[PDB]
């Protein structure tokens, strides 16, 4: 009897109010049939839509909800804090507290600047790297996402890796002209870029595990190679940990892999469900940021007390013993259970997980890069995704997004999910 009738009505109205009916493109479900699920509420590992359907959720609002949606302690903290005002536009003690917690948690971060989104964090960190090195070019990887600042919106493909051409209309060629690209997991391509642009490269930036082209982890050779190559040449290494931060380990991907970058961006989890980003790193670099130094970046709502409170209480929960070990346990079971279901029902699949982050592809694999991920059978993914909705499971509405587990997911949530997957896979 599964119905999305109320979502259908409200989304039809939305399309005449907002472009494509949404405030972010993935939300429009275009690759999975075009009927988004409008959300009424979330709690723990569950989401309820406006039709009243319940789902075991593996999106976690794209990463923030690692301790569970609408956590009671976080809500109580927000309720108390808001009595004193939600925005100050001036320093407050909560900013000191969250800053101290982040510096303690994340290996590379000795000093930190809070902003309102991952997009802002990545803008700031790029400007900072360019300012510190007095160099304009940088390297990013095809398939990585660093928000929508113009410099990141660069076209990749045959014959254009060194050209910095725009990947979207409205982005002038000049804006992307200092952006170089290489394939993820291709150290040799990066070596070639270094050789052809001696003295011009400020930084290499990467998602230390790709989550925005599906789940794609780095090979040890690649990620160590980047650390060595950058260090040997006085180039900065930047980890975009907006998604991996506080999710792969308390100290993020840099702790998980034991590789320490020069600068790090954060977001999502550090806002505890409110809009917050950050960039931080080596103190000598961070001292270039205004008003300590000449590099300009500013925000009105940055460091607001609600966001700080939510972040503080989220990190306090995560810092407790056994957190990441629990995520590993349930996510290993989930990932291997889904892949085994695919094997049993005759569908080529591959995938993997680290702590609370996972993904699977309808492809033989292995998947090492963006190009590999494009081998995925997206028609089949769509059938799987829609079938799972009907069975009460909500995965990311795209083959090209990672999935997320939370501390509120139980072993039973996982078992019910695997069972549903087996049923759906047996039918598609």
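Residue numbers count along the first chain shown, from 1.
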(message) Going by the mean C-alpha B-factor recorded in the entry, which is higher: 351-359 or 193-201?
(response) 193-201
(message) On mean Cα temperature factor in this entry, is 336-344 or 172-180 the higher one?
(response) 336-344
(request) Going by the CA temperature factor in the entry, name the top one among 39, 56, 396, 67. (result) 396
(request) By the entry's C-alpha temperature factors, tell me which of 299, 280, 261, 245 sits highest. (result) 299
(request) Could you say whether, by C-alpha temperature factor, residue 107 belongs to the lowest, middle or highest third of its chain? (result) highest
(message) Among the modelled residues of this chain, does the Cα B factor of residue 251 put it in the lowest, middle or highest third?
(response) middle
(request) Could you tell me which third, lowest, middle or highest, the C-alpha B-factor of residue 142 occupies within its chain? (result) middle
(request) Would you check the entry's CA temperature factor for residue 13 and let me know if it's in the chain's lowest, middle or highest third? (result) middle
(request) Determine, from the deposited record, the chain-internal third of the Cα B-factor for residue 51: lowest, middle or highest. (result) middle
